[PDB]
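Close look at the chain arrangement
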There are 6 protein chains.
Amino acid sequence: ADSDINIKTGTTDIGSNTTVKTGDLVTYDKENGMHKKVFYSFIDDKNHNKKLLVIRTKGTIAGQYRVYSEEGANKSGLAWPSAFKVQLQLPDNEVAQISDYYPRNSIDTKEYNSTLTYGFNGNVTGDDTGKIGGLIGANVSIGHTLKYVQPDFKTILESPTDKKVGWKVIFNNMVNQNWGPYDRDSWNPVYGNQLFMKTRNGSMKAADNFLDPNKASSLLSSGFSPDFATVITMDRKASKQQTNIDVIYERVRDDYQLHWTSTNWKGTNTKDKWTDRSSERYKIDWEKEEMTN
Amino acid sequence: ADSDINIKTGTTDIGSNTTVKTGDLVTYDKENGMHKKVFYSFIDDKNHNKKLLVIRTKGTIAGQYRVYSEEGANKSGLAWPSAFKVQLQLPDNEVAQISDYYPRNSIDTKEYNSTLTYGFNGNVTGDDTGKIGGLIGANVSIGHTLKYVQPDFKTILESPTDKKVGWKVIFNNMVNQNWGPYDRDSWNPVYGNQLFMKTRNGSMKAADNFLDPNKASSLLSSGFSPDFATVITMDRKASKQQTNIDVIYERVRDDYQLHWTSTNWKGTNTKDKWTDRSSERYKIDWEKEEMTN
Amino acid sequence: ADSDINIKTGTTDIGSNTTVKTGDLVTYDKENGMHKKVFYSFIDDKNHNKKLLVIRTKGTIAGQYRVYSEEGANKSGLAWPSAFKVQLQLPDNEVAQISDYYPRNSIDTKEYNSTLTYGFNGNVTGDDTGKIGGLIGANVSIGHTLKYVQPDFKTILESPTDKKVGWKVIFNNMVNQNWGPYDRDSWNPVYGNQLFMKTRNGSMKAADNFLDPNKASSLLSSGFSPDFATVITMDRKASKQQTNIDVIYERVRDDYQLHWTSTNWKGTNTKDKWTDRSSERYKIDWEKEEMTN
Amino acid sequence: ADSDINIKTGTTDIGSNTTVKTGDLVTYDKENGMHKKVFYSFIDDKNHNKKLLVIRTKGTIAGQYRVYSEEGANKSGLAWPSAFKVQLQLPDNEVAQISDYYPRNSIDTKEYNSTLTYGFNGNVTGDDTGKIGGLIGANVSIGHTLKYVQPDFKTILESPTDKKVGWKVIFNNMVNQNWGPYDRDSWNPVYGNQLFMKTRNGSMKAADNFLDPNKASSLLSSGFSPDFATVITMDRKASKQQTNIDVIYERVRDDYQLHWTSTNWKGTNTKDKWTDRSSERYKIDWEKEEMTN
Amino acid sequence: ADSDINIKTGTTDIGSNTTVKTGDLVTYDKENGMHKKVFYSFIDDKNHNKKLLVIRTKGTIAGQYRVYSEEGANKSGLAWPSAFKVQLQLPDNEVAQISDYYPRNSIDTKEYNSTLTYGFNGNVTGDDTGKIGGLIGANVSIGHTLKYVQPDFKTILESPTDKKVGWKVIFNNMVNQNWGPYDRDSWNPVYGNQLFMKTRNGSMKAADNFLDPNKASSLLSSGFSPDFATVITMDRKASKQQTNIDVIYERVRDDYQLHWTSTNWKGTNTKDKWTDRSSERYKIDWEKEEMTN
Amino acid sequence: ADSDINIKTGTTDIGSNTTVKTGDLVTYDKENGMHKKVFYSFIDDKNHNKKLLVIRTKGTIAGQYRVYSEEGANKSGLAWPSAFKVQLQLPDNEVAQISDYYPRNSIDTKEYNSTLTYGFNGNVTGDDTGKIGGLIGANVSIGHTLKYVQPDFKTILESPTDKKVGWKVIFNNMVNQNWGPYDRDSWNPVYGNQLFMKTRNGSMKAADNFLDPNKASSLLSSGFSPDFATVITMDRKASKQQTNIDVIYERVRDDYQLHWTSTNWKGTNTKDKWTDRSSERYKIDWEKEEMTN
């Protein structure tokens, strides 16, 4: 922080004494079930060596957790979102550049506990017959405990370049009715992958043995709302003051299937079975300070 | 945050040097037990590319937890709110668009604990006869603990489009007199679903064996107060500067029944038995900057 | 929050560039032991579509926990506050409306912990006679822990309408000398309800066997201080610009009786035996922006 | 809060564009060991319906924990503060009224954990004689844990009227050298009440067997410093613009006695043995806006 | 803090009444997978004894966790980032000096817990044959628990001089599917270093037996984004007002190899096998207050 | 704080309406590996009875943890920083005085927990021969737990005078691969002091058996960055308005040696084996408000 280096708070930030031009652009992709919104802000601070554009990609990508197939009461399939992505890319010929972005990747942590216990104990015995007994023992124990928090989804900043940046919100693991957590690779010899399995031996239709979406991560059904920021810089002398930027909103879906063996249910998961991509091109005019699509 | 990208805090927010027009609209639906309030704000920021309207849907939907039937001292039913909903919808022909909303869906988390412990122990015994003995053992144990916080109700942002947005506050699970928690699917072979069961073997009227509402989630009886925000954007060049919007408040009720078998109480829950829907149309005038109903 | 939707903080609030008229009105009802105070504020923000009145109901309702009944050395009774209530009501011939209120009902939560532990263990034996023994075992353990905070009293917003609103602060449960907690329905076949029982079999007069008030929630004796806000809106064009509003402070008391069985004390609690109601009518003059009683 | 009802923070608070007159009045009561200070503030806000006075009662009431009597090396008495009080009272003929006060009584809370554990274990034995044995067992256990914080003293707002208000800071319980906590009613058949007993059977004089004040709550000896605020309102049109008010600081002392039984020390505590009361009359002049004594 | 020494907060910070010149410089090194960004700020505060330049090094260094070698189907190697580094260096003939930097090294802590427990117990036995038995035992145990928080990566400020400063974000340890944590030296006689081993006995090829990056620290694959600040001071009287400075971004990679023994997988880790170094020269003009590359 | 004594926050702080002159002074001692920086601020507040100078000693003292000697494969030595110091001293004849400093010594705390548990248990047995047996036992246990945080290094303010002040950051204790913590006096009869011992029985060279610096406190190798502040006051009437002040940066190193006993490694630590001192004289001119070196 500025105070850490003996400088007045906010002394180095961009934007003072500048008229900022903002805008909102909304597009709804019916086919892909994606409400896409860009909130932009042009900051041409004359004390900064370049023009700036802050692009905030928001909106909501529906989860679309749903039973898609049904082949009798012994087999059914469920499509669920294993990943949500938002990406922005400047064509290779553009002179404007990706300068910053937020959020980024944070270093995870965990707690480790070590415990050493020593003990001693005596013991005197007897009986209505007169026999007296003795007992002397000792003991040592060593325990280790690992503790860490696990989000249902992890938010990751994909490796950016000066032309592209993106985020992927990926399924990590999830609790299924107080059990697990389970993930895309969970496997049990008898039940297979129980990720979204409602009952283990239930006698209903396969299409009715999937976990209630209300009892699972809300992102799986109702969806995920992006809230990422990208900063693009542009030289005021750049010969071409118009820039195209392509934005992708994506949903990757896995295929979770249930089938009745003959004594119980067994689940299987197939990764990245489907990918729903919605692409949009935005035109940035650095002179008029407007963004359109 | 702005500070994260070296920009002066608040530099990109809308609303500066702008006269904001606000309003309050209250309607009480006696039949559906719903106090509905709209607090709106027109922000026509000339440095922003579009006109803006923030609609806050507040007020409160009565829970209406109550015994509705009694077929003898051994039978009785209780209606309760399993879900509260608020939805805003723009007729498809409108040029105005839903641009943002709050709250949104957050990523849930869980704590994982893993413990590994091993130890050794010595022992020496004897009797008042001179006999000497000894014991030597070792042991290992692996434990896993899952910790998770579960609210009585979950607040979910339903998948929005640029014409419709909504929230549903759904019953998740609840503690019943220090036991459980129980949910809509809880099932015990002897007592069935004990969600709102006061006593297991009580010898009183069935209509008197339902949990005291004061000992259950206050939303079930007294109700839930929505506090949602919806932002609508409008092109300043739009030929028609009037927009219609329907706002719907809803209550979904389950049917919880108790019956005496012969030796104890057994409860059953029927999902979404009743739906109370209260819709209202508002007129948005972007030129006069007022909302009416 | 405004920042969540990219709007300058406070841009949407009411009251700027407005002269606010405030007032304080105090009434003490001796018979009912209630210090009733209304702190009001008229906000006529011309950029808002309606005049506003914020009525804050404060003061304090004495608890009045007291051993009021003594029927010999084996019987005595204690009157105590099971509920405190504050309600505001606009007559049916009024055009003004209840628009908002605070506090409201919050969604309660609880923590759930699931633990699975398994282990193995060896063992060898030997005596001074050559005998050698062996032992091998295993074990599995599944545990569940429910954790949740329980306030002595719960603050509830009763289902409001556009004409009436109210709150009730109700007794939840309480710790009695490191035991319990107990509530209005606690029952033990030997001691009955031990809610306010000092000793289980002490040899003193019944009137002297109730918990010291200093060892119980202070709201029970000294009392509860309301701090509720109600906002009333009024159209500036309504013919009548005067509004009557009735404010009611109430205390509901239970009867906790103790009696000597022959070997120990036994308590019984009678719900809502008394209701102390204190009502007062106030006159609201929207033109003079004055509230009087 | 104001933000919860969509109003700019501070919009309804009193005091703007007003010249506030303040003052300090100090009195030391040597006989009762009480440093009494009144810090007052007159706020005659013309946009408020009445004149206002905030009286803050501070200072410090010495604890005075001390051995007062000594009858041989077998008996001694210790006087200690079980309660500190501060009260303000307007004579009944005054038109001024008590309007608000702070702090007030807050709702206490407790944590209640419930745990259910199921266990299964096998076992196989054997000896150097070829004998083979087995062992199968199951188990279940239910546990409950109560957790809550206990302050050494409780700060309570006594039930106020429009003429009188006061607070009592009362002794709750206290840890004695890692044992207890003990309170005024603690009793052990052998040692009686061990609240301030240094040793259970030390060979010193009774007068030397009381807990070191440094190892007990500092309020018991060095004292308690009140920090209470009282708000008084006054009609601007009242014919008599002078008001009298009495302020009382009080200390209630218990009698803790120790005596050698012949084999061990035994303690006894007598409640409210002494009361040290210090009253003082102040004159409030609402026109000169000054308080005097 | 300034308040700790009775000085008005911020009184000693630099920057007031000064026009600050800022800039952004972005470079993408395709070969080394590094997005490099410099955000600079010239602060020539005339009340400060020297010219000042704050250089913030940001951007992102891709992790590049990837299978690089595959000698058959039973042996493969994975290259992963064991360290990310950022360094700035002024040629030794420069008069400008490194003055401050952030972050720096913080003192780590850990919790220590010591428990001493002792107990006594009795036991009276009997049987149908009339035989009566007894048992009196005692025990004493001493436990020690160490609680420590361990980040996946540590952020370290390397020892700076007035000409060079650098930071290193080094791999610390990491959890592998609930096990471990493992580090660069982890070793098991049977499986070797299991750091990124997916399965212990899987029959897949070596290249398919590495931990899925989504289940490992995100810095390993997607990468790390530096956010370091360096302060350079310059004498205003210096004859040469131009300064060269080199900024180096680096990634050090380890080589984790897996090979099938014949019965299970075994891993080995080779430290600092590869180093990816990306350096760039910048020119600082203290008079024009600009940085260029 | 000011608010605690009813005074406007910041009312008594120094610096308002004053032009503060600041400066940076950097010196790098190559031989001692110390980057020394002084950031000063002259505050001549005319409403304060003296001129003030706030001297902030920052920079960084390299740790320099390193293997310095290797005499055979069975013997090697390691030098490590057991203490870092920064001291400021005004010559005996100076009229200026040290007035304040930060940080200072804080009172440490620890948590103490005491538990008392008792219980009963039954046990009815039986066999095929018809033998029916039983068992009744009792048990009581008392345990106490000590909990407290232990920083790797403690930061201590050395006893100041009006002429000198200083801080010492001393090694406290440290975890070695989840064992310990160990300190300068740790001693095991078999391994001696294992503070920085990598392995207990490893077969590599002694010089290779020291803990990886990345697995130890970062201050040991990369170093410690002082962030201390001292305030010097000066009478404006003092005859000599020039003041000399001497500043010392110091590192005290211990000698940790490892030797092979022929069966295992054994460590030894010698305290304060070496001391590295860097001294600098600064000239303070109170009239020109400049500090130089």
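Figured I'd write up the structure that's included with this text.

1. Some thoughts on the overall build of chain A
Across its full length, chain A carries 1 helix and 17 strands. Its C-alpha atoms give chain A a radius of gyration of 29 Å, more than 25% over the compact-globule value 19 Å for 293 residues. Overall, the C-alpha framework of chain A stretches about 110 × 65 × 30 Å when taken along its three principal axes. Here chain A holds 293 residues, and 58% of them are scored as buried. If you take every contact in chain A between residues at least 6 apart in sequence, the share linking residues at least 24 apart comes to 66%. Surface accessibility of chain A: about 11,500 Å² in total, with carbon and sulfur atoms responsible for 47%. Taking the average place of the 38 positive charges on the side chains of chain A and the average place of its 37 negative ones, the gap between the two points comes to 2 Å.

2. Description of the sheet that holds strand β14 (residues 228–234) of chain A
Sheet strands pair by backbone hydrogen bonding; their relative direction is either parallel or antiparallel. Residue and element names in this part refer to chain A. Judged by pairing direction, the sheet is antiparallel, and its 5 strands sit side by side in the order β1-β2-β3-β14-β6 without closing on themselves. Each edge of the open sheet carries a strand with a single partner, namely β1 (21–29) and β6 (97–102). Strand-to-strand twist in this sheet, taken as the mean axis angle between neighbours without regard to direction, amounts to 20°. Sheet analysis places β1 next to strand β2 (residues 34–43), joined by 9 bridges and oriented antiparallel. Paired with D24 across the strands is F39, a residue of β2.

3. Things to note about a nonpolar patch on the surface
On the surface, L116, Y118, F120, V140 and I142 of chain C together with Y118, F120, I136 and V140 of chain D cluster together to form a nonpolar patch covering roughly 920 Å² of accessible area. Breaking the nonpolar patch down by element, the ones donating at least two residues are β7 (109–121) and β9 (132–151) of chain C together with β8 (109–121) of chain D. In terms of residues, the nonpolar patch owes the most to one element, β7 of chain C, which gives 3 residues. Classification of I142 of chain C by relative accessible area gives partly exposed; the value is 34%.

4. Remarks on the interface of chain A and chain B
On the side of chain B, 63 residues touch chain A, which itself brings 72 residues to the contact. Carbon and sulfur atoms supply 48% of the area that chain A and chain B bury against each other, a total of about 5,400 Å² over both sides. Applying the counting rule to chain A against chain B returns 6 salt bridges. Across the pair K215 of chain A and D185 of chain B runs a salt bridge, and its minimum N-O distance is 2.6 Å.

5. Details of the arrangement of the chains
Looking at chain A next to chain D, you find no contact at all, with the nearest C-alpha pair sitting 14 Å apart. Spatially, chain B and chain F are disjoint, and the shortest separation between their C-alpha atoms is 14 Å.

6. With respect to the relation of the copies chain D and chain C
The two copies are related by a screw motion: chain D maps onto chain C through a turn of 51° and a shift of 0.1 Å along the axis, at an RMSD of 0.3 Å. An asymmetric contact is evident, with only 10% of the interface residues of chain D recurring at the interface of chain C.

7. Some details on the packing of aromatic side chains
Within the structure shown, the criterion is met by 86 aromatic pairs over all chains. With a centroid separation of 5.1 Å and an interplanar angle of 75°, the aromatic rings of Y68 of chain F and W274 of chain F are classed as edge-to-face. Taken together, the positions of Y68 of chain F in strand β4 (residues 66–70) and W274 of chain F in strand β16 (residues 265–285) put the pair 206 residues apart, joining distant regions of the chain. Seen in terms of ring centroids, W80 of chain F and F171 of chain F are 4.9 Å apart; in terms of plane orientation they differ by 75°. Their pairing is edge-to-face. Residue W80 of chain F is located in strand β5 (residues 75–89), and its partner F171 of chain F is located in strand β11 (residues 164–171); the two are separated by 91 residues in the primary sequence. By relative accessible area, which is 0% here, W80 of chain F ends up buried. Judged by relative accessible area, which is 7%, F171 of chain F ranks as buried. Among the aromatic residues, ring-to-ring pairing joins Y65, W80, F84, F153, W167, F171, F196, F210, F224, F228 and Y256 of chain A into one connected group. Note that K36 of chain B overlies the ring of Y249 of chain B, its terminal NZ or CZ placed 6.0 Å from the centroid. Above the face of the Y191 of chain B ring, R200 of chain B is positioned so that its terminal group lies 4.4 Å from the ring centre.

8. Description of the interface of chain D and chain C
Listed as interface residues are 63 residues of chain D and, on the opposing side, 73 residues of chain C. For the chain D and chain C pair, buried surface summed over both sides reaches about 5,500 Å², with 47% attributable to carbon and sulfur atoms. Joining chain D to chain C, the criterion identifies 6 salt bridges. For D128 of chain D, the salt bridge identified is with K131 of chain C, shortest N-O distance 3.5 Å. Viewed at the interface, chain C and chain D are joined by 40 residue pairs in polar contact. Mapped by element, the contributors of at least two residues to the side of chain D that touches chain C are β7 (97–102), β8, β9 (124–127), β12 (153–157) and β13 (164–171) of chain D. With 13 residues, the top contributor of residues to the side of chain D that touches chain C is β8 of chain D. In terms of residue class, the side of chain D that touches chain C is built from 18 nonpolar, 27 polar and 18 charged.

9. As for the relation of the copies chain A and chain B
Taken as rigid bodies, chain A and chain B are interconverted by a rotation of 51° and an axial shift of 0.1 Å, the fit giving an RMSD of 0.2 Å. A distinct binding surface is used by each copy, with only 7% of the interface residues of chain A retained as interface residues in chain B.

10. Considering the sheet that holds strand β13 (residues 228–234) of chain E
Residues and elements named next belong to chain E. Pairing is antiparallel in the open sheet, where 5 strands are placed in the order β1-β2-β3-β13-β6. Each edge of the open sheet is held by one strand with a lone partner, namely β1 (21–29) and β6 (97–102). Within the sheet, the average angular offset between the axes of one strand and its neighbour, ignoring direction, is 20°. Relative to β13, strand β3 (residues 51–61) is paired through 7 bridges, and the arrangement is antiparallel. Opposite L52, over in β13, you have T233 as the bridge partner.

11. Let's talk about the side chain of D44 of chain C
Residue and element names in this part refer to chain C. Mapped onto the elements, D44 comes out in the loop between β2 (34–43) and β3 (51–61). Among the residues examined, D44 registers a relative accessible area of 18% and is labelled buried. Polar contacts involving the side chain of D44 include one to the side chain of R236, which spans 3.0 Å. Here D44 is in contact with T18, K51, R236 and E289, once residues within four sequence places are set aside.

12. Comments concerning the pattern of salt bridges
Working definition: two side chains of opposite charge can pair if their charged atoms are close together. Inspection of every chain in the model, using the stated rule, returns 116 salt bridges over all chains. The salt bridge partner of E280 of chain B is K36 of chain B, with a shortest N-O separation of 3.7 Å. Pair noted here: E280 of chain B is in strand β15 (residues 265–285) and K36 of chain B is in strand β2 (residues 34–43), with a separation of 244 residues, a long-range link. There is no split in this pair, since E280 of chain B and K36 of chain B are both buried. Ionic pairing is found between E70 of chain C and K205 of chain C, a salt bridge with its closest N-O pair at 3.4 Å. Here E70 of chain C is found in strand β4 (residues 66–70), whereas its partner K205 of chain C is found in the loop between β13 (179–182) and β14 (228–234), with 135 residues between them in sequence. Given the relative accessible area of 48%, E70 of chain C is considered partly exposed. We classify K205 of chain C as partly exposed; its relative accessible area is 43%.

13. Section: the environment of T155 of chain A
For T155 of chain A, the location among the structural elements is in strand β10 (residues 153–158). Through-space distance from the C-alpha of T155 of chain A to that of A216 of chain A is 18 Å; in sequence the pair is 61 residues apart. If sequence neighbours within four positions are ignored, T155 of chain A has contacts with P103, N105, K168, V169 and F228 of chain A together with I107 of chain B.

What counts, and where the lines are drawn
- Residues numbered from 1 in each chain as written, not as in the entry; some residues may be left out.
- Chains lettered and ligands numbered in written order.
- Part of a larger assembly, values for the part shown.
- Heavy atoms only, no water.
- Residues with missing side-chain atoms left out of burial classes, pairs and counts.
- Helix = DSSP H or I, 4+ residues; strand = E, 2+ residues; numbered from the N terminus.
- Rg over C-alpha atoms; globule rule 2.2 N^0.38 Å.
- Buried < 20%, exposed > 50% of the residue type's maximum accessible area, 1.4 Å probe, protein only.
- Contact = heavy atoms within 4.5 Å.
- Areas by Shrake-Rupley, 256 points an atom, 1.4 Å probe, with all protein chains shown as cover.
- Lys, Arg positive; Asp, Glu negative; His and termini not counted.
- Charge placed at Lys NZ, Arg CZ, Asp CG, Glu CD.
- Pairing = 2+ DSSP bridges.
- Axes fitted to C-alpha atoms, helices over the stretch in contact; angles between N-to-C directions.
- Patch = residues over 30% accessible without salt bridge, like charges linked within 9 Å, V, L, I, M, F, W, Y side chains within 5 Å.
- Salt bridge = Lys/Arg side-chain N within 4 Å of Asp/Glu carboxyl O.
- Buried area = accessible area lost by both parts, 1.4 Å probe.
- Least-squares fit on C-alpha atoms.
- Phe/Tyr/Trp six-rings, centres within 6.5 Å; stacked < 30°, edge-to-face > 60°.
- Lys NZ or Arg CZ within 6 Å of the ring centre and 35° of its normal.
- Polar contact = N/O pair within 3.5 Å; in protein donor to acceptor, adjacent residues only side chain to side chain.
- Nonpolar A, V, L, I, M, F, W, Y, C, P; charged D, E, K, R; others polar.

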